[PDB]
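Working notes for the structure below.
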Amino acid sequence: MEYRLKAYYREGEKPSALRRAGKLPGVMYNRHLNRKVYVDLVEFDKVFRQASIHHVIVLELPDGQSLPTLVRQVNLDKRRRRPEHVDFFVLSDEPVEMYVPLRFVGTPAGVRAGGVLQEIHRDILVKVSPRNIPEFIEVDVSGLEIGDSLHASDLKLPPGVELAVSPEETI
Amino acid sequence: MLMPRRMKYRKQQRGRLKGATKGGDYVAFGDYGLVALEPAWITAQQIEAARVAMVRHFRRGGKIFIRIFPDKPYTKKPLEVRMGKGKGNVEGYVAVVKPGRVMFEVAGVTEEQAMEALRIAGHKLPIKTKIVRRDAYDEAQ
Amino acid sequence: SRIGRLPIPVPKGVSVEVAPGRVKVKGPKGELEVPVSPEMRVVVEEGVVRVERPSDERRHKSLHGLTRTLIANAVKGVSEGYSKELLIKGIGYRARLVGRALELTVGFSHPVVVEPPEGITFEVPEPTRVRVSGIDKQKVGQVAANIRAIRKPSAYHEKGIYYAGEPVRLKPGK
Amino acid sequence: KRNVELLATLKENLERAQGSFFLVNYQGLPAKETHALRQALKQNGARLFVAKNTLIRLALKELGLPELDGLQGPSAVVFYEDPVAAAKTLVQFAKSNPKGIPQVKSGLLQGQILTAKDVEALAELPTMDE
Amino acid sequence: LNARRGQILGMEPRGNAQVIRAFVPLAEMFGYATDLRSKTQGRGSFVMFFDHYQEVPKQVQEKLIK
Amino acid sequence: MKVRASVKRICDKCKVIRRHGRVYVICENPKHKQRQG
Amino acid sequence: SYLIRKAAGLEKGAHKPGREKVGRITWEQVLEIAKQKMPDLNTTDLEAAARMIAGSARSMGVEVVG
RNA sequence: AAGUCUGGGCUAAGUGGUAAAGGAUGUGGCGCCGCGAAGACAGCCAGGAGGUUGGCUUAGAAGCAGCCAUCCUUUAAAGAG
Ligand SMILES: [Mg+2]
Ligand SMILES: [Mg+2]
Ligand SMILES: [Mg+2]
Ligand SMILES: [Mg+2]
Ligand SMILES: [Mg+2]
Ligand SMILES: [Mg+2]
Ligand SMILES: [Mg+2]
Ligand SMILES: [Mg+2]
Ligand SMILES: [Mg+2]
Ligand SMILES: [Mg+2]
Ligand SMILES: [Mg+2]
Ligand SMILES: [Mg+2]
Ligand SMILES: [Mg+2]
Ligand SMILES: [Mg+2]
Ligand SMILES: [Mg+2]
Ligand SMILES: [Mg+2]
Ligand SMILES: [Zn+2]
């Protein structure tokens with residue numbers, strides 16, 4: 001649900017140097033702060049592959065401090081398919097725009113016939129307060145031939161939440 | 001096989017294969033992909049050779065995405081002529097592909113099937129490739 | 001998972017003597033010297049011989065298993081001894097002993113006569129079973145093999161020399 | 001590590017329902033002779049307990065971790081454990097020990113048995129139903 | 001031809017080409033007129049002459065009794 | 001013996017062996033024998 | 001399962017069983033079948049003996065009314 | 001002409017000292033899953049059985065021609081193969 005990941009500070013160390021030694025250069029920020037950091041590459045991957053940009057990672061800083069953050073952006077090295085840098089958004093109590101998973105609670109009538117349900121949205125953008133961050137967002141999918149579909153306007157929307165996309169958006 | 005419905009220009013300078021892809025470097029549609037390991041002009045006939053192999057392996061089933069398009073006209077002079085007397089004739093179309101580009105994606109199909117089908121597709125392409133699956137990293141993009 | 005470290009029982013009364021790069025195994029049925037890597041330790045314990053190796057590197061692991069079996073085979077050789085049986089199959093095909101020698105009639109123009117190497121005994125209990133016996137195992141395996149090659153088992157008919165226990169697999173003629 | 005423990009509880013549950021659970025070597029029979037002993041130790045008692053057939057490894061954990069004497073008769077060899085007190089046995093060990101010592105060469109011999117709570121014995125358990 | 005309760009008698013070359021003989025029961029030989037043109041692409045032929053009668057397997061021998 | 005640049009197991013009984021500097025496939029089924037080359 | 005033909009409205013099954021029903025039976029009319037061939041089988045029940053006939057039900061294409 | 005110099009490592013092809021897709025239990029070193037002293041992997045001694053030829057088919061296809069269906073049973077376990 002909530003993940004921990006050890007993070008450290010950097011100044012002048014070259015990214016290529018860090019990157020060489022198994023560390024992922026990165027940065028943490030929010031309206032109030034902005035700090036150059038790095039986390040260990042393999043430790044991060046273990047976490048990120050569960051977290052994604054969905055759940056809160058919390059950063060155990062050397063100083064003792066413990067920031068609750070969302071991953072905001074992950075740069076890839078195009079040529080090697082690997083992360084070169086991460087952007088850690090430090091959560092406060094203010095609302096925050098974010099991506100929340102969609103779980104399609106159901107089985108298709110269009111599939112099981114002669115079909116393939118391309119689901120165009122794995123998740124959905126959503127204005128929300130950090131103390132109210134979901135895990136799921138449930139989607140009724142009893143009937144969907146090839147090809148009908150829904151547009152997020154028809155989404156359950158828990159208490160605390162607020163669609164951050166035009167409700168004309170296909171899921 | 002693919003080519004532009006229309007072009008603003010019939011023929012175009014050869015240009016150059018430097019660099020990793022500008023974009024298209026992450027999975028965006030399916031679950032599995034095939035990424036270019038080397039730069040090359042992939043040709044329309046080559047792409048379709050790959051497409052068809054995939055469809056044959058699925059027995060019509062599943063969905064296939066083709067993420068490169070041949071928009072670059074390939075020129076050739078007639079056999080046995082000398083140099084000069086102007087640029088040759090367009091003999092077909094190619095897509096310029098640089099390493100990191102995801103060329104095809106598959107969806108709605110088992111892991112074994114995406115695997116084999118992407119493997120095979122590779123064998124029709126004149127470059128090294130690697131098969132990939134969707135990650136956190138693609139969704140973050 | 002291991003053959004190199006397996007201890008080799010040694011019957012009363014066969015005697016294993018050790019030297020550098022050779023072990024002499026003597027028993028009721030004769031004696032064999034067994035060449036052995038200079039790199040393995042052959043160890044004589046009570047009614048048992050062990051073999052040891054000085055590392056876990058690949059070449060050493062290999063010689064280990066090999067070496068114990070090489071010795072275990074010599075040990076068995078001089079007490080029990082080895083034999084192999086060939087079955088002769090087919091309408092005109094019969095074997096016979098001519099003195100020490102084995103005569104095969106297997107559908108050639110001539111008959112085939114086979115002299116035994118030293119350390120090898122041939123028996124023909126019936127005219128369609130031949131038996132090769134001796135202390136040296138690979139020697140036995142070899143003479144047995146040679147013999148079989150004179151007229152290998154046919155692909156289409158139960159015809160030719162057969163290893164006892166060799167299954168008769170056949171394809172359809174026409 | 002592993003679903004061998006949703007089997008530790010099985011033979012701990014249905015061994016926590018006895019005091020005279022005997023044990024035999026139920027193997028050498030075909031599938032005809034299998035449903036022989038099976039419906040005939042199901043017809044020489046109550047419920048449906050002939051043997052439960054479970055690992056000598058696990059069954060010795062059960063007989064050790066529920067005190068039950070540790071039925072150290074002979075856990076080695078094929079072991080099926082004729083739960084004679086998940087049925088109603090008594091001289092129904094005759095109903096087994098003779099039907100086995102009839103069909104085929106030594107059909108279903110025994111090795112362990114707890115008498116009410118105290119250990120029985122080897123052939124003093126074939127003679128305990130004669 | 002073995003799907004029509006047939007027994008092969010032999011095969012010999014011809015105009016190259018190649019011919020086959022078999023004892024097929026007539027009772028399984030209706031379709032074989034067109035069924036032959038369907039396998040050889042209108043390039044094979046046949047002749048068909050009676051030879052003998054015999055006792056059919058008891059499966060039909062006690063099924064045709066109807 | 002098949003002789004190819006691509007030697008592969010053809011069936012679950014096939015076996016990839018390396019003798020004397022060459023890779024062979026060897027098998028119950030004689031059609032499956034391969035040598036690289 | 002010879003007996004299941006004289007109790008559903010069928011001489012044959014339903015070609016492709018599952019979606020296509022060409023007859024039916026109740027939870028009590030599966031138990032009655034479970035009755036006649038009960039001395040044949042293995043299990044000596046009727047909640048067990050009938051699920052063997054509630055499965056030779058889709059082995060042809062007849063639903064069991066519940 | 002000047003080191004058969006020093007230390008760590010790899011290579012067994014004379015690779016070094018002629019090339020690609022691709023193939024591979026070559027070798028050495030990483031990483032990640034799975035199983036394992038409640039006994040795994042390898043061999044080997046059992047068992048792998050019922051309703052049942054499953055139905056429809058075809059001349060016969062009885063687990064295995066081919067369309068279908070694929071339930072349950074006694075079970076430690078056993079596919080309508
Ligand atoms: Mg990745
Ligand atoms: Mg990585
Ligand atoms: Mg140019
Ligand atoms: Mg972009
Ligand atoms: Mg070209
Ligand atoms: Mg022209
Ligand atoms: Mg030109
Ligand atoms: Mg290629
Ligand atoms: Mg010997
Ligand atoms: Mg020879
Ligand atoms: Mg072999
Ligand atoms: Mg000099
Ligand atoms: Mg030197
Ligand atoms: Mg050289
Ligand atoms: Mg060279
Ligand atoms: Mg390697
Ligand atoms: Zn093979």
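Note on naming: chains are A, B, ... as they come in the structure tokens, residues start from 1 per chain, ligands start from 1 in the order shown.
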
For range 24-33 of chain C, list every protein, DNA or RNA residue within 12 Å, evaluated using only C-alpha atoms (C1' of nucleotides), and leave out those in the same chain fewer than 5 positions away; present the list as a CSV table (one decimal) with N, CA and C atoms, in the first residue's frame.
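Just written: around.csv:
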```
chain,number,residue,atom,x,y,z
C,10,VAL,N,35.1,-53.3,-1.8
C,10,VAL,CA,36.1,-54.1,-2.3
C,10,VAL,C,36.0,-55.5,-1.7
C,11,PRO,N,35.6,-56.5,-2.5
C,11,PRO,CA,35.4,-57.8,-1.9
C,11,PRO,C,36.5,-58.4,-1.2
C,12,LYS,N,36.3,-59.1,-0.1
C,12,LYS,CA,37.3,-60.1,0.3
C,12,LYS,C,37.0,-61.1,-0.8
C,13,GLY,N,38.1,-61.4,-1.6
C,13,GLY,CA,39.4,-60.9,-1.5
C,13,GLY,C,40.0,-60.5,-2.8
C,14,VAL,N,39.8,-59.2,-3.1
C,14,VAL,CA,40.5,-58.6,-4.1
C,14,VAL,C,41.4,-57.5,-3.5
C,15,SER,N,42.6,-57.4,-4.0
C,15,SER,CA,43.6,-56.4,-3.5
C,15,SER,C,43.8,-55.3,-4.4
C,16,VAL,N,43.6,-54.1,-3.9
C,16,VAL,CA,43.9,-52.8,-4.7
C,16,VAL,C,45.3,-52.2,-4.2
C,17,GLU,N,46.3,-52.3,-5.0
C,17,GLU,CA,47.5,-51.6,-4.7
C,17,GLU,C,47.6,-50.3,-5.4
C,18,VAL,N,48.1,-49.2,-4.8
C,18,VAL,CA,48.2,-47.9,-5.4
C,18,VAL,C,49.6,-47.4,-5.8
C,19,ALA,N,49.8,-46.8,-6.9
C,19,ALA,CA,51.1,-46.2,-7.2
C,19,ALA,C,50.8,-44.8,-7.8
C,42,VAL,N,43.7,-41.5,-4.9
C,42,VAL,CA,43.1,-42.8,-4.7
C,42,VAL,C,43.4,-43.3,-3.3
C,44,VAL,N,43.0,-46.0,-0.1
C,44,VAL,CA,42.6,-47.3,0.4
C,44,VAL,C,42.2,-47.4,1.9
C,49,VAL,N,37.7,-48.6,-1.4
C,49,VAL,CA,38.6,-47.6,-1.9
C,49,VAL,C,37.8,-46.3,-2.2
C,70,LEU,N,36.3,-45.9,-13.2
C,70,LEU,CA,37.3,-46.7,-13.8
C,70,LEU,C,37.8,-47.8,-12.8
C,71,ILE,N,37.9,-47.4,-11.5
C,71,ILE,CA,38.4,-48.3,-10.6
C,71,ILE,C,37.3,-49.3,-10.2
C,72,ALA,N,36.2,-48.8,-9.9
C,72,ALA,CA,35.1,-49.6,-9.6
C,72,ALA,C,34.9,-50.8,-10.6
C,73,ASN,N,35.1,-50.5,-11.9
C,73,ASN,CA,34.9,-51.4,-13.0
C,73,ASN,C,36.0,-52.5,-12.9
C,74,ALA,N,37.2,-52.1,-12.5
C,74,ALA,CA,38.3,-53.1,-12.4
C,74,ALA,C,38.1,-54.0,-11.2
C,75,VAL,N,37.5,-53.4,-10.2
C,75,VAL,CA,37.3,-54.1,-9.0
C,75,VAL,C,36.3,-55.2,-9.3
C,76,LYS,N,35.2,-54.8,-9.8
C,76,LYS,CA,34.2,-55.8,-10.2
C,76,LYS,C,34.8,-56.8,-11.2
C,77,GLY,N,35.6,-56.3,-12.1
C,77,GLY,CA,36.2,-57.2,-13.1
C,77,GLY,C,36.9,-58.4,-12.6
C,78,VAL,N,37.7,-58.3,-11.6
C,78,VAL,CA,38.5,-59.3,-11.2
C,78,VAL,C,37.9,-60.3,-10.2
C,79,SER,N,36.6,-60.0,-9.8
C,79,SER,CA,35.9,-60.9,-8.9
C,79,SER,C,34.7,-61.5,-9.6
C,80,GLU,N,33.6,-60.8,-9.9
C,80,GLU,CA,32.5,-61.2,-10.7
C,80,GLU,C,32.9,-61.5,-12.2
C,81,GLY,N,33.7,-60.6,-12.7
C,81,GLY,CA,34.0,-60.6,-14.2
C,81,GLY,C,32.8,-60.0,-15.0
C,82,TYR,N,33.0,-59.8,-16.3
C,82,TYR,CA,32.0,-59.3,-17.2
C,82,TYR,C,31.7,-60.2,-18.4
C,119,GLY,N,42.2,-62.4,-23.3
C,119,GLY,CA,41.4,-61.9,-22.2
C,119,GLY,C,39.9,-61.9,-22.5
C,133,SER,N,32.9,-63.0,-22.7
C,133,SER,CA,33.2,-62.8,-21.3
C,133,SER,C,34.7,-62.5,-21.0
C,134,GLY,N,34.9,-61.6,-20.0
C,134,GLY,CA,36.2,-61.3,-19.6
C,134,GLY,C,36.3,-60.4,-18.4
C,135,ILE,N,37.5,-60.2,-17.9
C,135,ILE,CA,37.7,-59.2,-16.8
C,135,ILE,C,37.7,-57.8,-17.2
C,136,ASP,N,38.4,-57.4,-18.3
C,136,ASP,CA,38.4,-56.0,-18.8
C,136,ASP,C,37.0,-55.7,-19.4
C,137,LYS,N,36.3,-54.7,-18.8
C,137,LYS,CA,35.0,-54.4,-19.2
C,137,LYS,C,34.9,-53.7,-20.6
C,138,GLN,N,35.7,-52.7,-20.8
C,138,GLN,CA,35.7,-52.0,-22.1
C,138,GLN,C,36.2,-53.0,-23.2
C,139,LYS,N,37.1,-53.9,-22.8
C,139,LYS,CA,37.5,-54.9,-23.8
C,139,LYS,C,36.3,-55.8,-24.1
```

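Where the distance criterion is 9 Å and the atoms used are only C-alpha atoms (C1' of nucleotides) and all ligand atoms, the residues close to ligand 11 are residues 13, 14, 15, 26, 27, 28 and 29 of chain F.
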
How would the residues just picked look written out with N, CA, C and O atoms as a PDB file, in the first residue's frame?
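Result written to result_6.pdb:
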```pdb
ATOM      1  N   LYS F  13      12.868 -35.334 -27.170  1.00  0.00           N
ATOM      2  CA  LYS F  13      13.801 -36.453 -27.018  1.00  0.00           C
ATOM      3  C   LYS F  13      15.151 -36.118 -27.633  1.00  0.00           C
ATOM      4  O   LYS F  13      16.114 -36.840 -27.434  1.00  0.00           O
ATOM      5  N   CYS F  14      15.195 -35.025 -28.390  1.00  0.00           N
ATOM      6  CA  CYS F  14      16.421 -34.520 -28.993  1.00  0.00           C
ATOM      7  C   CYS F  14      17.433 -34.047 -27.933  1.00  0.00           C
ATOM      8  O   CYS F  14      17.038 -33.616 -26.872  1.00  0.00           O
ATOM      9  N   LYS F  15      18.724 -34.075 -28.259  1.00  0.00           N
ATOM     10  CA  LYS F  15      19.808 -33.827 -27.305  1.00  0.00           C
ATOM     11  C   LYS F  15      21.049 -33.126 -27.934  1.00  0.00           C
ATOM     12  O   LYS F  15      21.649 -33.621 -28.889  1.00  0.00           O
ATOM     13  N   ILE F  26      21.409 -35.011 -31.232  1.00  0.00           N
ATOM     14  CA  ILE F  26      21.322 -36.464 -31.373  1.00  0.00           C
ATOM     15  C   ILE F  26      20.007 -37.014 -30.791  1.00  0.00           C
ATOM     16  O   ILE F  26      19.485 -36.455 -29.842  1.00  0.00           O
ATOM     17  N   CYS F  27      19.441 -38.083 -31.330  1.00  0.00           N
ATOM     18  CA  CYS F  27      18.082 -38.388 -30.896  1.00  0.00           C
ATOM     19  C   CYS F  27      17.635 -39.798 -31.169  1.00  0.00           C
ATOM     20  O   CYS F  27      18.229 -40.488 -32.000  1.00  0.00           O
ATOM     21  N   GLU F  28      16.600 -40.231 -30.451  1.00  0.00           N
ATOM     22  CA  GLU F  28      15.936 -41.505 -30.715  1.00  0.00           C
ATOM     23  C   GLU F  28      15.675 -41.616 -32.191  1.00  0.00           C
ATOM     24  O   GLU F  28      16.003 -42.594 -32.830  1.00  0.00           O
ATOM     25  N   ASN F  29      15.066 -40.567 -32.713  1.00  0.00           N
ATOM     26  CA  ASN F  29      14.639 -40.500 -34.088  1.00  0.00           C
ATOM     27  C   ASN F  29      15.745 -40.089 -35.063  1.00  0.00           C
ATOM     28  O   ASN F  29      16.170 -38.930 -35.066  1.00  0.00           O
TER      29      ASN F  29
END
```

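The binding environment of ligand 13, defined as every protein, DNA or RNA residue with an atom no more than 12 Å away and counting only C-alpha atoms (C1' of nucleotides) and all ligand atoms, comprises residues 3, 4, 5, 6 and 7 of chain H.
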
What does the file look like for those residues with C-alpha atoms (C1' of nucleotides), as a PDB file, in the first residue's frame?
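File written: again_39.pdb
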```pdb
ATOM      1  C1'   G H   3      61.680  -6.682 -20.088  1.00  0.00           C
ATOM      2  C1'   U H   4      61.626 -14.080 -21.785  1.00  0.00           C
ATOM      3  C1'   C H   5      59.952  -6.992 -16.200  1.00  0.00           C
ATOM      4  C1'   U H   6      56.072  -6.813 -11.813  1.00  0.00           C
ATOM      5  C1'   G H   7      50.930  -7.438  -9.847  1.00  0.00           C
TER       6        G H   7
END
```

Worksheet item: Given a cut-off of 7 Å, what residues near ligand 1 show up using only C-alpha atoms (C1' of nucleotides) and all ligand atoms, put as a list in words?
Response: residues 81 and 82 of chain A; 135 and 137 of chain B

Practice prompt. Could you please write out, as a list in words, every residue of range 23-58 of chain B that DSSP assigns to helix (DSSP H, G or I)?
Written response: residues 44, 45, 46, 47, 48, 49, 50, 51, 52, 53, 54, 55, 56, 57 and 58 of chain B

Those residues you just picked out, can you put them in a file as a PDB file, in the first residue's frame with N, CA, C and O atoms?
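Below you can see out00.pdb, which holds the result:
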```pdb
ATOM      1  N   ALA B  44       8.594  -1.189 -46.497  1.00  0.00           N
ATOM      2  CA  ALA B  44       7.185  -1.543 -46.419  1.00  0.00           C
ATOM      3  C   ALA B  44       6.993  -3.047 -46.545  1.00  0.00           C
ATOM      4  O   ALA B  44       6.263  -3.640 -45.741  1.00  0.00           O
ATOM      5  N   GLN B  45       7.671  -3.683 -47.504  1.00  0.00           N
ATOM      6  CA  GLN B  45       7.472  -5.120 -47.685  1.00  0.00           C
ATOM      7  C   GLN B  45       7.956  -5.903 -46.477  1.00  0.00           C
ATOM      8  O   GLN B  45       7.366  -6.918 -46.124  1.00  0.00           O
ATOM      9  N   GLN B  46       9.001  -5.400 -45.831  1.00  0.00           N
ATOM     10  CA  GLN B  46       9.558  -6.022 -44.651  1.00  0.00           C
ATOM     11  C   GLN B  46       8.573  -5.956 -43.489  1.00  0.00           C
ATOM     12  O   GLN B  46       8.433  -6.903 -42.713  1.00  0.00           O
ATOM     13  N   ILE B  47       7.904  -4.818 -43.359  1.00  0.00           N
ATOM     14  CA  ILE B  47       7.016  -4.574 -42.241  1.00  0.00           C
ATOM     15  C   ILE B  47       5.857  -5.523 -42.341  1.00  0.00           C
ATOM     16  O   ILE B  47       5.497  -6.159 -41.366  1.00  0.00           O
ATOM     17  N   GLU B  48       5.271  -5.598 -43.530  1.00  0.00           N
ATOM     18  CA  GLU B  48       4.159  -6.480 -43.787  1.00  0.00           C
ATOM     19  C   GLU B  48       4.566  -7.945 -43.663  1.00  0.00           C
ATOM     20  O   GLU B  48       3.765  -8.804 -43.301  1.00  0.00           O
ATOM     21  N   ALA B  49       5.808  -8.250 -43.987  1.00  0.00           N
ATOM     22  CA  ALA B  49       6.243  -9.619 -43.861  1.00  0.00           C
ATOM     23  C   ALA B  49       6.150  -9.968 -42.382  1.00  0.00           C
ATOM     24  O   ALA B  49       5.702 -11.057 -42.000  1.00  0.00           O
ATOM     25  N   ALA B  50       6.555  -9.022 -41.547  1.00  0.00           N
ATOM     26  CA  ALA B  50       6.452  -9.189 -40.111  1.00  0.00           C
ATOM     27  C   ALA B  50       4.989  -9.224 -39.636  1.00  0.00           C
ATOM     28  O   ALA B  50       4.623 -10.057 -38.806  1.00  0.00           O
ATOM     29  N   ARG B  51       4.166  -8.310 -40.144  1.00  0.00           N
ATOM     30  CA  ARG B  51       2.772  -8.280 -39.762  1.00  0.00           C
ATOM     31  C   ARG B  51       2.133  -9.615 -40.024  1.00  0.00           C
ATOM     32  O   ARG B  51       1.745 -10.310 -39.104  1.00  0.00           O
ATOM     33  N   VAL B  52       2.040  -9.981 -41.283  1.00  0.00           N
ATOM     34  CA  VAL B  52       1.492 -11.269 -41.636  1.00  0.00           C
ATOM     35  C   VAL B  52       1.987 -12.470 -40.800  1.00  0.00           C
ATOM     36  O   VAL B  52       1.174 -13.307 -40.399  1.00  0.00           O
ATOM     37  N   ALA B  53       3.283 -12.552 -40.495  1.00  0.00           N
ATOM     38  CA  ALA B  53       3.765 -13.702 -39.735  1.00  0.00           C
ATOM     39  C   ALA B  53       3.083 -13.704 -38.404  1.00  0.00           C
ATOM     40  O   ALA B  53       2.781 -14.745 -37.854  1.00  0.00           O
ATOM     41  N   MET B  54       2.842 -12.521 -37.875  1.00  0.00           N
ATOM     42  CA  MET B  54       2.297 -12.421 -36.553  1.00  0.00           C
ATOM     43  C   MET B  54       0.850 -12.926 -36.624  1.00  0.00           C
ATOM     44  O   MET B  54       0.425 -13.791 -35.843  1.00  0.00           O
ATOM     45  N   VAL B  55       0.115 -12.415 -37.608  1.00  0.00           N
ATOM     46  CA  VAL B  55      -1.274 -12.788 -37.748  1.00  0.00           C
ATOM     47  C   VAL B  55      -1.382 -14.273 -37.987  1.00  0.00           C
ATOM     48  O   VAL B  55      -2.291 -14.887 -37.467  1.00  0.00           O
ATOM     49  N   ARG B  56      -0.450 -14.877 -38.706  1.00  0.00           N
ATOM     50  CA  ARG B  56      -0.558 -16.314 -38.931  1.00  0.00           C
ATOM     51  C   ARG B  56      -0.389 -17.117 -37.673  1.00  0.00           C
ATOM     52  O   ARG B  56      -0.888 -18.234 -37.553  1.00  0.00           O
ATOM     53  N   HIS B  57       0.326 -16.544 -36.727  1.00  0.00           N
ATOM     54  CA  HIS B  57       0.682 -17.293 -35.552  1.00  0.00           C
ATOM     55  C   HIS B  57      -0.412 -17.209 -34.516  1.00  0.00           C
ATOM     56  O   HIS B  57      -0.456 -17.973 -33.553  1.00  0.00           O
ATOM     57  N   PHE B  58      -1.292 -16.248 -34.732  1.00  0.00           N
ATOM     58  CA  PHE B  58      -2.375 -15.966 -33.827  1.00  0.00           C
ATOM     59  C   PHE B  58      -3.629 -16.628 -34.362  1.00  0.00           C
ATOM     60  O   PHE B  58      -4.625 -16.706 -33.662  1.00  0.00           O
TER      61      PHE B  58
END
```

Discussion item. Using only C-alpha atoms (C1' of nucleotides) and a distance of at most 12 Å, pull out the residues of chain C that contact chain H, as a PyMOL selection string.
Written reply: chain C and resi 1-2+57-59

Can I get the selected residues back with C-alpha atoms, as a PDB file, in the first residue's frame?
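To be explicit, this is the file written out as selection-v9.pdb:
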```
ATOM      1  CA  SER C   1      24.378 -36.404  -7.293  1.00  0.00           C
ATOM      2  CA  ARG C   2      27.933 -37.835  -7.120  1.00  0.00           C
ATOM      3  CA  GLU C  57      37.184 -26.774 -10.830  1.00  0.00           C
ATOM      4  CA  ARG C  58      35.586 -28.433 -13.888  1.00  0.00           C
ATOM      5  CA  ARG C  59      38.434 -30.637 -15.153  1.00  0.00           C
TER       6      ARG C  59
END
```

Practice prompt. Could you give me, as a ChimeraX atom specification, the residues within 9 Å of residue 42 in chain G, counting only C-alpha atoms (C1' of nucleotides) and dropping anything in the same chain fewer than 3 positions from it?
Written response: /G:38-39,45,49 /H:50-51,73-74

Deliver the residues from the most recent selection as a file, using C-alpha atoms (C1' of nucleotides), as a PDB file, in the first residue's frame.
```pdb
ATOM      1  CA  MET G  38     -26.295 -47.003  -8.657  1.00  0.00           C
ATOM      2  CA  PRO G  39     -25.324 -50.681  -8.162  1.00  0.00           C
ATOM      3  CA  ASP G  45     -24.204 -42.161  -2.414  1.00  0.00           C
ATOM      4  CA  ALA G  49     -23.794 -40.622  -7.743  1.00  0.00           C
TER       5      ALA G  49
ATOM      6  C1'   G H  50     -13.788 -46.292 -11.967  1.00  0.00           C
ATOM      7  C1'   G H  51     -19.384 -44.338 -14.699  1.00  0.00           C
ATOM      8  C1'   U H  73     -16.219 -40.841  -8.627  1.00  0.00           C
ATOM      9  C1'   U H  74     -13.115 -44.079  -4.889  1.00  0.00           C
TER      10        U H  74
END
```

Practice prompt. Compile the residues of chain H that lie within 8 Å of chain D, evaluated using only C-alpha atoms (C1' of nucleotides), and express the compilation as a PyMOL selection string.
Written response: chain H and resi 38+46-47+49+74+76

For range 77-81 of chain H, work out the shell of residues within 6 Å, counting only C-alpha atoms (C1' of nucleotides) and skipping chain neighbours fewer than 4 positions away, then give it as a PDB file with N, CA and C atoms (P, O5', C5', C4', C3', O3' and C1' of nucleotides), in the first residue's frame.
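To be explicit, this is the file written out as out_19.pdb:
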```
ATOM      1  P     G H  48      -3.092 -49.229 -11.662  1.00  0.00           P
ATOM      2  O5'   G H  48      -3.211 -47.781 -12.313  1.00  0.00           O
ATOM      3  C5'   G H  48      -3.955 -46.757 -11.665  1.00  0.00           C
ATOM      4  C4'   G H  48      -3.730 -45.419 -12.314  1.00  0.00           C
ATOM      5  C3'   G H  48      -3.560 -45.442 -13.830  1.00  0.00           C
ATOM      6  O3'   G H  48      -4.785 -45.441 -14.542  1.00  0.00           O
ATOM      7  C1'   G H  48      -1.763 -44.277 -12.881  1.00  0.00           C
ATOM      8  P     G H  54     -15.417 -44.282 -24.555  1.00  0.00           P
ATOM      9  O5'   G H  54     -16.976 -44.027 -24.333  1.00  0.00           O
ATOM     10  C5'   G H  54     -17.568 -44.112 -23.041  1.00  0.00           C
ATOM     11  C4'   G H  54     -18.476 -42.947 -22.765  1.00  0.00           C
ATOM     12  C3'   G H  54     -19.230 -42.408 -23.977  1.00  0.00           C
ATOM     13  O3'   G H  54     -20.446 -43.102 -24.237  1.00  0.00           O
ATOM     14  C1'   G H  54     -18.084 -40.641 -22.925  1.00  0.00           C
ATOM     15  P     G H  63     -10.734 -46.531 -24.372  1.00  0.00           P
ATOM     16  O5'   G H  63     -10.375 -45.022 -24.736  1.00  0.00           O
ATOM     17  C5'   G H  63     -11.259 -43.943 -24.439  1.00  0.00           C
ATOM     18  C4'   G H  63     -10.488 -42.653 -24.365  1.00  0.00           C
ATOM     19  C3'   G H  63      -9.626 -42.364 -25.592  1.00  0.00           C
ATOM     20  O3'   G H  63     -10.322 -41.610 -26.582  1.00  0.00           O
ATOM     21  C1'   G H  63      -8.281 -42.286 -23.631  1.00  0.00           C
TER      22        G H  63
END
```

Worksheet item: Counting only C-alpha atoms (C1' of nucleotides), which residues of chain G come no farther than 9 Å from chain H, as an NGL selection string?
Response: :G and (1 or 12-18 or 37 or 40-43 or 48-61)

Item to complete: Compile the contact shell of residue 3 in chain E as number ranges by chain: residues with an atom at most 12 Å away, counting only C-alpha atoms (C1' of nucleotides), same-chain residues fewer than 3 positions apart removed.
Response: E: 6-8, 24-25, 28-29, 32; H: 58-61, 65

Worksheet entry | Selection as a VMD selection string: residues within 12 Å of ligand 5 by only C-alpha atoms (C1' of nucleotides) and all ligand atoms | chain B and resid 14 40 to 46 72 to 76 91 to 96 125 to 127

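Separating CA of residue 109 in chain A from CA of residue 143 in chain A is a distance of 5.4 Å.
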
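Near ligand 7, the residues found within 9 Å are residues 11, 74, 75, 76, 77, 78, 86, 87, 88, 89 and 90 of chain B (criterion computed using only C-alpha atoms (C1' of nucleotides) and all ligand atoms).
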
For chain H against ligand 15, with a cut-off of 8 Å and counting only C-alpha atoms (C1' of nucleotides) and all ligand atoms, what is the closest atom pair and its distance in Å to one decimal for every residue that makes the cut, ordered by chain and number, as CSV?
```
residue,atom,partner,partner_atom_place_in_ligand_line,distance
H:14,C1',ligand 15,1 (Mg),7.7
H:15,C1',ligand 15,1 (Mg),7.3
H:16,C1',ligand 15,1 (Mg),7.9
H:17,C1',ligand 15,1 (Mg),4.9
H:18,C1',ligand 15,1 (Mg),7.6
```
